Ligand SMILES: CCCCCCCCO[C@@H]1O[C@H](CO)[C@@H](O)[C@H](O)[C@H]1O
Ligand SMILES: CCCCCCCCO[C@@H]1O[C@H](CO)[C@@H](O)[C@H](O)[C@H]1O
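Residue numbers (the authors' numbering), protein chains in the order written: chain A, -6 to 32, 49 to 99, 107 to 323; chain A', -6 to 32, 49 to 99, 107 to 323. A prime marks a further copy of an entry chain.
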């Protein structure tokens, strides 16, 4: 009854603290190791984020099996990023090719097995109980590729300022945790592990950044966001929960297209939009705070789209 | 049934967005007004925080009557701060006298009326259902004064860096909202109004601060934290939920006492402890992030102390 949900809440809160402890303790141990590889701050810090998620989620896999596809996707997107950052020490079309392979294997898992429904919950209709479920069948795979690539690139573009991607993703992952518990899905310990792991990293990533994510990180988290929403039948919530991610890709699409259509004219001071505000006179910290506060308000708005 | 809690969650989420909209829109309107009074950034910005709380909570007073004592206490502590900051443009023992009067009227409300129980829930015992309730009767009033003054001064000492008090209090107020809903207390719209109001202010208070709280703010929020916990029978949770507030007063008590006991020796580089880390080489933003992440982890630990 209430005990079922209580034990789940207690196991999820525990997953957050477990991943927070791992991530916070690995950072001072792995930070000189990453700086030795480099020799403006050491990159490839996404390995700390992933290491923490993998360790925590491995204890929950026997009890919560729906974690496995989510874990495989973030680790899969983390592979492309690990290879990308390895080239960076020792491409846009190559990155899109790598992202295309992982999305395909995930599309295969969703259509062949019957663990989760392919339908999409419409936001302000009446929740999972009442509501309305969008289905297109034939267009399921093209729609998956388009939103998964959009989310992954959107998250990658967000990783431009200290604490930016981390702060925004903590709030997105917190929303998925509250929803995964309340709606009784099976991915709350991994969504929670991402919250804990990112809170640990944020201590060392906040201005002035001691470490940098990724690419190794940013692609992994972008996979997590898209995979979780697909595991919960909520891809239609990504434009609202991840409006920051959406506005980051969209500002680049508008800048690059408009620049070429004109004589090199600019629609923004610089793209992605976080560079635009900086050039407007906004502090690195202002941009990080405004983007996070906006995400928080929109996560609450999204939640009201489940009643 | 579930509808009762659902409507409460929807009314509370609404209170957050309402207070966020008021606070975010008042700031660019009241910021030149406060700078005109001053002529390193304009102070007395706590009036924006309070204005937003009062407007939002006034719509919920007929449905949620338990808001009235909480509202009266923060407005009461906001009065002392408004007078303090007025003197600042045109004291420690005078501040302690003002705080003593408001605490007394609140002590009178708690003992004379039977709206709430005087007992204190012990953290890791078994929650409100099972658990253990600490009672001392005669010592209720002295214990109230000691924790209320400690909390109020602790919150006041936290307001030293850009976004510091705001970030930490958002997390403390979020915890009280989740708890006030789940445990069916009657103060969730005001605890939520504080979350919304502070999220609006944080946009303009984050480094480099456009406005400053208080004193007008800091004392008001310190009253809110102590009053909410008393309305919920959770004062014993303030050392864990507000460990940052506790460590801020405690570091001053240790520095001031040790300095006098010795030949002017220092136990910390500077007190409160936020100045200590800055002098250790920590960024203004690092201190704000570390203190907020710690509060978040401890709020989760505190929650596990309700099962
Ligand atoms: C501190 C964060 C706690 C996460 C809140 C998750 C809410 C889980 O709470 C559950 O929600 C269900 C409806 O959603 C109800 O049917 C259950 O009775 C209730 O226990
Ligand atoms: C997004 C934040 C939502 C706040 C979560 C509050 C949890 C309210 O959820 C309620 O909790 C009670 C036990 O606590 C249960 O008995 C109820 O059935 C459940 O609806």
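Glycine included, each C-beta is placed from N, C-alpha and C at the ideal position.
Rounded separation between residue i and residue j - CA only
i                      : j                      : result
residue 334 (chain A') : residue 216 (chain A') : Here chain A' has residues from -6 to 323 only, and residue 334 (chain A') is not among them.
residue 251 (chain A)  : residue 231 (chain A)  : 22 Å
residue 120 (chain A') : residue 243 (chain A') : 12 Å
residue 51 (chain A)   : residue 228 (chain A)  : 6 Å
residue 36 (chain A')  : residue 167 (chain A') : Residue 36 (chain A') cannot be placed in this structure, since chain A' goes from 32 to 49 without the numbers between.
residue 323 (chain A') : residue 297 (chain A)  : 48 Å
residue -5 (chain A')  : residue 186 (chain A)  : 28 Å
residue 316 (chain A)  : residue 276 (chain A') : 50 Å
residue 91 (chain A')  : residue 49 (chain A')  : 19 Å
residue 151 (chain A') : residue 134 (chain A') : 7 Å
residue 32 (chain A)   : residue 21 (chain A')  : 46 Å
residue 212 (chain A)  : residue 9 (chain A)    : 4 Å
residue 79 (chain A')  : residue 60 (chain A)   : 44 Å
residue 255 (chain A)  : residue 145 (chain A)  : 22 Å
residue 235 (chain A)  : residue 0 (chain A')   : 38 Å
residue 25 (chain A)   : residue 57 (chain A')  : 45 Å
residue 161 (chain A') : residue 155 (chain A') : 10 Å
residue 141 (chain A') : residue 272 (chain A)  : 60 Å
residue 94 (chain A')  : residue 257 (chain A') : 28 Å
residue 84 (chain A)   : residue 71 (chain A)   : 19 Å
residue 63 (chain A)   : residue 11 (chain A)   : 11 Å
residue 147 (chain A)  : residue 245 (chain A)  : 17 Å
residue 89 (chain A')  : residue 238 (chain A') : 12 Å
residue 201 (chain A') : residue 74 (chain A')  : 11 Å
Under 9 Å between C-beta atoms of residue i and residue j
i                      : j                      : result
residue 261 (chain A') : residue 173 (chain A') : yes
residue 320 (chain A') : residue 77 (chain A)   : no
residue 137 (chain A)  : residue 253 (chain A)  : yes
residue 108 (chain A') : residue 176 (chain A') : no
residue 178 (chain A') : residue 207 (chain A)  : no
residue 294 (chain A') : residue 170 (chain A') : no
residue 209 (chain A') : residue 66 (chain A')  : yes
residue 203 (chain A') : residue 248 (chain A') : yes
residue 87 (chain A')  : residue 54 (chain A')  : no
residue 30 (chain A')  : residue 96 (chain A')  : no
residue 82 (chain A')  : residue 118 (chain A') : yes
Where residue i meets chain A, residues with beta-carbon distance less than 8 Å
i                      : result
residue 215 (chain A') : 309, 312 and 313
residue 250 (chain A') : The premise fails here: residue 250 (chain A') is roughly 17 Å from chain A at the closest Cβ pair, so nothing lies under 8 Å.
residue 10 (chain A')  : 313, 316 and 317
Where residue i sits in the DSSP three-state scheme
i                      : result
residue 220 (chain A') : helix
residue 316 (chain A)  : helix
residue 286 (chain A') : coil
residue 109 (chain A)  : helix
residue 259 (chain A)  : helix
residue 229 (chain A') : coil
residue 149 (chain A)  : strand
residue 248 (chain A') : coil
residue 137 (chain A') : strand
residue 194 (chain A)  : helix
residue 144 (chain A)  : coil
residue 281 (chain A') : coil
residue 298 (chain A') : coil
residue 32 (chain A)   : coil
residue 94 (chain A)   : helix
residue 199 (chain A)  : coil
residue 87 (chain A)   : helix
residue 164 (chain A)  : helix
residue 50 (chain A')  : coil
residue 177 (chain A') : coil
Amino acids of chain A', ordered along the chain, whose beta-carbon sits closer than 9 Å to that of residue i
i                     : result
residue 301 (chain A) : 178, 179, 222, 223, 224, 300, 301 and 304
Where residue i meets chain A', residues with beta-carbon distance less than 7 Å
i                     : result
residue 320 (chain A) : 3 and 6
residue 218 (chain A) : 305 and 309
Per-residue contacts from residue i into chain A (C-beta, under 9 Å)
i                      : result
residue 323 (chain A') : -1, 0, 2 and 3
Beta-carbon neighbours of residue i, restricted to chain A and to distances below 7 Å
i                     : result
residue 13 (chain A') : 313
(message) Under 8 Å: do the region 119 to 136 of chain A and the region 178 to 185 of chain A share three or more Cβ pairs, one atom per stretch?
(response) no
(message) Count Cβ pairs between the region 7 to 20 of chain A' and the region 211 to 225 of chain A that sit closer than 8 Å; are there 3 or more?
(response) no
(message) Does the region 129 to 149 of chain A' come into contact with the region 264 to 278 of chain A', if we say contact requires no fewer than three beta-carbon pairs (one atom in each stretch) closer than 8 Å?
(response) no
(request) Kindly confirm or deny that the region 278 to 285 of chain A' and the region 186 to 196 of chain A' touch, where touching means at least three C-beta pairs closer than 8 Å. (result) no
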